[PDB]
Protein chains: 2
Amino acid sequence: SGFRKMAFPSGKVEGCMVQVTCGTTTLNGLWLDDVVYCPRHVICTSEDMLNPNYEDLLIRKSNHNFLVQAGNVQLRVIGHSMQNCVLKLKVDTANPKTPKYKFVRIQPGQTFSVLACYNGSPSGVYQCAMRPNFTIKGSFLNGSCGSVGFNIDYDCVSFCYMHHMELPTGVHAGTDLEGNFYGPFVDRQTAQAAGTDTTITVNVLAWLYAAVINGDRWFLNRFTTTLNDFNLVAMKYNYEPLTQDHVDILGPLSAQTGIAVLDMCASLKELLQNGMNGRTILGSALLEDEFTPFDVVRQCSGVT
Amino acid sequence: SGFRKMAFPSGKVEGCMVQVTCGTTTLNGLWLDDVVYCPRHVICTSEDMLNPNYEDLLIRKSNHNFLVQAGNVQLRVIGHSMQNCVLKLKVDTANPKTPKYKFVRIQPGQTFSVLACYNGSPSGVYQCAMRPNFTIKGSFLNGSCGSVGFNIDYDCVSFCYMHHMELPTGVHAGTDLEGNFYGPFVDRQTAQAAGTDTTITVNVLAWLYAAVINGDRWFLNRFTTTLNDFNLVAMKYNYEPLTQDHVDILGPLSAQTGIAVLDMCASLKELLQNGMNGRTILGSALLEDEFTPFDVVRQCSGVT
Ligand SMILES: CC[C@H](C(=O)Nc1cnncc1C)c1cccc(Cl)c1
Ligand SMILES: CC[C@H](C(=O)Nc1cnncc1C)c1cccc(Cl)c1
């Protein structure tokens, strides 16, 4: 028992981190097979970032201008190309530490682990959710660009995020591994609106099931509700509307605990309307939305 | 910017995990050089755990009774010995993946990363603090015994914890790597009292400094206090008494922010006396005590 915001073991991803330098800019790259992926803004100077013309900036660069170092060893760059907001540097050596991997574009509300890196060196790992507004609330300083987000299924790493930018509001934006931004963001030093964010309702419900499994039960009540009634409350409190697809994914947790999904919705409704009255749930004094139903099942069953 | 409960990259520790089986019991072991360390209760059956005589139980075991498997490969056991509550199995092969390492006994209030494992396989990593009462609030299921806690200083892994037991209250207890329990716990299936726990005051203050650095400033006030006045409040709220040693370790954060330590104490005093009034600090609705002053500096500066 016990319930923690657990990240995936980062070993498989640590073996892929490299440092990429172009001119005076250094950031992180991801070396998989004979390709190194990194944010295309590695080719910009500080003055270029105000309004960069990436195609023109890349044209002044040759393979030898991209310095890629894997710890201590230097990689020989034999090709370069831009795909959306990422650069792909073809190298002459396949990474011997390349795990089995996939590139996946995750949905908002899904979770993943981030391996924060500086100068190609891993510094820490944490679990987070892609917000409904396609930002992430990470921990990133200058030099962290190119750090990646991922999930692990047994021996396969599904890379879903590459860090690119910190918005003026302190939240983070980045791309999938084909260089497509999540959300409306562009890789330019301009003020950019992240949408209104909402709380990931299905994740809060999953976490309430994790609380019951672990013995935190005070919030359970004698009430039930309907999806329509619940969604009026979700609306008022800026929670995502719950759908039957969300109820279906909560099925295993409902089965394990014997608490019907709409009954857990009535508990959530009362917590939204009354607050926690100074109590905690799984050591939190707010409703947690960074665990998906799959995360709860994995953690509560013991998946490696 | 952004502030997260970050764990160390677990790669160096993943390479040391093995599965250890003795009879019908399987748990995790730590393979460093030519020695595998694991909880001595691997030699117990369920009926033995009520009141085990470990010396007598170990005497019925030979080297060939300990099955150690590193992923797919089998290790040959050429020696076994008990040191306090850990078993040390000498193997004929040095782990090729042994990182630079130290065994350290941490102080209560210090933090570390745990790599939760099942059957020798890493499942997840999370950061936690050793409570003032020498328990940890982890996430551990049956089969997680032998999972370790550690810190990383550049290339050196300081192992500080090995998981042994879940108390009837759902909190966790374990040993240093010489097999000495942290706290009064014994490796026996008996109800055991964990002391009264307290909040790690110096860590909450460190986290309030991390909040100011990251822009969460609402809790700053026009007041100051003294160590004596503050400790009367710390007493009332079951916080650890603050000492000049704690003030000294907060010095770098006080210097970086320009907020004198006793002024931050007055902010903490008001938060203890008034609560958060429904506001949050770094996304938390309670006072967080799982970041040491060193953790805050490392995270806020970018240490790899
Ligand atoms: C030059 C990096 C900079 C940025 O926001 N990166 C950082 C990443 N994470 N935490 C802090 C910083 C400073 C940037 C400016 C404008 C657009 C883009 Cl794509 C990137
Ligand atoms: C046989 C393991 C058991 C235990 O508490 N382990 C577990 C560890 N973590 N989460 C759950 C469990 C079940 C145990 C009983 C009594 C003493 C000792 Cl040293 C260990």
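Remember, it's 1-based here, ligands and their atoms both numbered in the order they're listed. Residue numbers begin at 1 in each chain, while the letters A, B, ... track the order of the sequences. These numbers come from the heavy atoms of this one structure, side chains and all, not from hydrogens, waters or symmetry mates.
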Short question: side chain of B:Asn65, backbone of B:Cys22 - any donor-acceptor pair under 3.5 Å?
no
For A:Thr196, does its backbone N or O pair with a side-chain atom of A:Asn133 as donor and acceptor, under 3.5 Å?
no
Tell me which protein heavy atom sits closest to atom 6 (N) of ligand 1, plus the residue, atom name and distance to 0.1 Å.
A:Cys145 SG, 3.7 Å
Return a yes/no value: protein heavy atom under 4.0 Å from atom 11 (C) of ligand 1?
yes
Can you tell which part of B:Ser144 has a heavy atom less than 4.0 Å from ligand 2: side chain, backbone, both or neither?
side chain
Looking only at protein heavy atoms, identify the closest one to atom 3 (C) of ligand 1 and say how far it is in Å.
A:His164 O, 4.6 Å
Mode of A:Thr25 contact toward ligand 1 - side chain, backbone, both, neither (heavy atoms, under 4.0 Å)
neither
Specify the closest pair of heavy atoms between B:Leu58 and B:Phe66, including all atoms of both residues, with the distance to one decimal.
CD1-CZ, 3.9 Å
Are any of the side-chain nitrogens in A:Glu178 or A:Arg105 under 4.0 Å away from the carboxylate oxygens of its partner?
no
Identify the protein heavy atom lying closest to atom 9 (N) of ligand 1, giving its residue, its atom name and the separation to 0.1 Å.
A:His163 NE2, 3.1 Å
Do B:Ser10 side-chain atoms and B:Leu115 backbone N/O form a donor-acceptor pair below 3.5 Å?
no
Can you list the ligand 2 atoms lying under 4.0 Å from a non-hydrogen atom of B:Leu141?
9 (N), 10 (N), 11 (C)
Specify the protein heavy atom at minimum distance from atom 15 (C) of ligand 1: its residue, its atom name, and the distance to 0.1 Å.
A:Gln189 OE1, 3.2 Å
At under 4.0 Å between heavy atoms, what of B:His41 touches ligand 2? The answer is side chain
So which protein heavy atom does atom 5 (O) of ligand 1 come closest to, and at what separation?
A:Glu166 N, 2.9 Å
Is B:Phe140 close to ligand 2, meaning an N/O of one under 3.5 Å from an N/O of the other?
yes
Any chance CZ of B:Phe134 has more than 12 other-residue heavy atoms, nucleotides or ligands included, within less than 6.0 Å?
yes
Residue, atom name and distance, where the atom is the protein heavy atom closest to atom 17 (C) of ligand 1
A:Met49 CE, 3.3 Å
Determine whether more than 12 heavy atoms belonging to other residues, nucleotides or ligands lie under 6.0 Å from atom CZ of B:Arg217.
no
Looking at A:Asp187 and A:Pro52, what are the two nearest heavy atoms and their distance?
O-CG, 3.7 Å
